[PDB]
Amino acid sequence: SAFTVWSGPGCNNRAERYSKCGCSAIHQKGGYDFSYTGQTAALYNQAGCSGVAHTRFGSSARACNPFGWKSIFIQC
């Protein structure tokens, strides 16, 4: 599975993704999309998932709201 994000306002600008296994600290403060495909994913309010999860996903979630976490973890 892969995560996608834009820097602002929502998902209408910069294009940067995070699909690699484990987690990655996002800096794009705009939109936040997701695409499930066997691999589950959850957000972490602290960079490099150095804490507990907050918002999990099981299906592609193409949101374009402001941020709410710092990094995205995706199992493999």
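A short reminder: the numbers here are calculations on the coordinates, not readings from a lab. Neighbour counts run over all protein chains shown; Cβ positions are idealised from the backbone, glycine included.
Please tell me if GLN46 is within 14 Å of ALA63 (Cα to Cα) and touching a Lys or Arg at 6+ places or on another chain (Cβ under 8 Å). In short, no.
For the range 35-76, which positions are more than 13 Å from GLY22 (Cα to Cα) and exposed (fewer than 13 other Cβ atoms within 10 Å of the Cβ)? Result: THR37, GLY38, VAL52, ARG56, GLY58, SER59, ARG62, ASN65, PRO66, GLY68. Go through the residues of the range 13-26 one by one and say whether even a single one is surrounded by 15 or more Cβ atoms within 10 Å (Cβ to Cβ), β-branched (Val, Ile, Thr) and part of a loop (DSSP other than H, G, I, E, B). Yes, the conditions are met somewhere in the range 13-26. The condition of being in contact (Cβ under 8 Å) with a residue 12 or more places away in the chain, out of contact with any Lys or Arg (no Cβ under 8 Å at 6 or more places or on another chain) and either of a type outside the set (A, V, I, L, M) or part of a loop (DSSP other than H, G, I, E, B) (or both) holds for only one of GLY68, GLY30, that being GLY68.
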